[PDB]
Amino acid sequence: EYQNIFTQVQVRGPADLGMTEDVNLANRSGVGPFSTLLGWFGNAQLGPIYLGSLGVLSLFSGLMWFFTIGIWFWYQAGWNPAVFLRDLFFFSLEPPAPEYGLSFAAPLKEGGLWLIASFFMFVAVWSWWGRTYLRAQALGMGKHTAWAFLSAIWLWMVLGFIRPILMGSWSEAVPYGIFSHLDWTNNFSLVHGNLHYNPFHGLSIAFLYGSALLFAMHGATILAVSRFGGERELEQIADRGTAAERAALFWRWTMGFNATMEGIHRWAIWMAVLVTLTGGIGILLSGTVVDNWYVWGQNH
């Protein structure tokens, strides 16, 4: 039978310019081209996009961060394009050495540049957070997106800013590099006596696994009742239909309890935000309070 994974017949019409509400229409781009490719899987329309001061500041500040890491990689490559492509994943922009402590006085080639890039990244991320808030506010929506985004920002703030400060050395931050930042992750665990025995790490894993579990359940459930229009979840909330009832009854008969069309999305948002919420706590306690998690674990 038909599985509703890919659209059978695409239909296209006049582009949707979207809701107005209190959005400043001066900052909306034009509509982009339709993508028959994306139409097989989702919507084919590209754009419009909103471009305010925060967006411009984020995009610009983010490209400076990208370009700063860039010129450093070209410098490590001796400006040779061949060496650049060969060792692209091996290049790394490292933080200042431990001797500089929390000083911004490290020369550029010894962590000064890492501090500059970190400044641009800091501005780009936080201006983008403000963006997610104001876009919801302009449309009169709740701020669930901005608050869920804070959970990711929390782990990112712990890894590269909060924890290094508490440790008293920028050298405790993560380096900018494909392979180099994997190695930093590996050493962090070895130094702190195996993160497997950090309970917040184990919790973080439970919610990471649990998020793949929950989205496979939810995604499979909505597609299984899409024959009753189940993906139209807002109206199912305001006016329960047979889609919401069958969805609930499948899971109630399967495991003994069930959700509502709204309630399942509170499960979803919390399952996901607890990943980076517990994780940021585990990392923050590593080296500041606990030096060896395996040893710490054996006393409790």
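Residue numbers here begin at 1 and follow the sequence given.
Undergrad: Determine, for stretches 59-67 and 235-243, which one has the higher mean CA B-factor as deposited.
TA: Averaged over C-alpha atoms, the B-factors run higher in 59-67.
Undergrad: In the PDB record, does 106-114 or 207-215 carry the higher mean Cα temperature factor?
TA: 106-114 has the higher mean C-alpha B-factor.
Undergrad: Could you say which of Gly140, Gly229, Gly160, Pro95 has its CA atom at the highest B factor, as listed in the PDB entry?
TA: It is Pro95.
Undergrad: Using the temperature factors in the entry, find which of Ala26, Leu46, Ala248, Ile269 has the highest value at its Cα atom.
TA: That would be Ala26, according to the entry.
Undergrad: Ordered by C-alpha B-factor within the chain, which third holds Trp184? Give me lowest, middle or highest, please.
TA: CA B-factor rank for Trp184: middle third.
Undergrad: Which third, lowest, middle or highest, does the C-alpha temperature factor of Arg86 belong to within its own chain?
TA: Answer is highest: the recorded C-alpha B-factor places it there.
Undergrad: Can you tell me whether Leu274 has a C-alpha B-factor in the lowest, middle or highest third compared with the other modelled residues of the same chain?
TA: Its C-alpha B-factor, which the entry lists for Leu274, ranks in the lowest third among residues of this chain.
Undergrad: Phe34: which third of its chain by C-alpha temperature factor?
TA: Highest third - that is where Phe34 ends up once the chain's C-alpha B-factors are sorted.
Undergrad: Ranking the modelled residues of this chain by C-alpha B-factor as given in the entry, is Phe119 in the lowest, middle or highest third?
TA: Its C-alpha B-factor, which the entry lists for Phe119, ranks in the middle third among residues of this chain.
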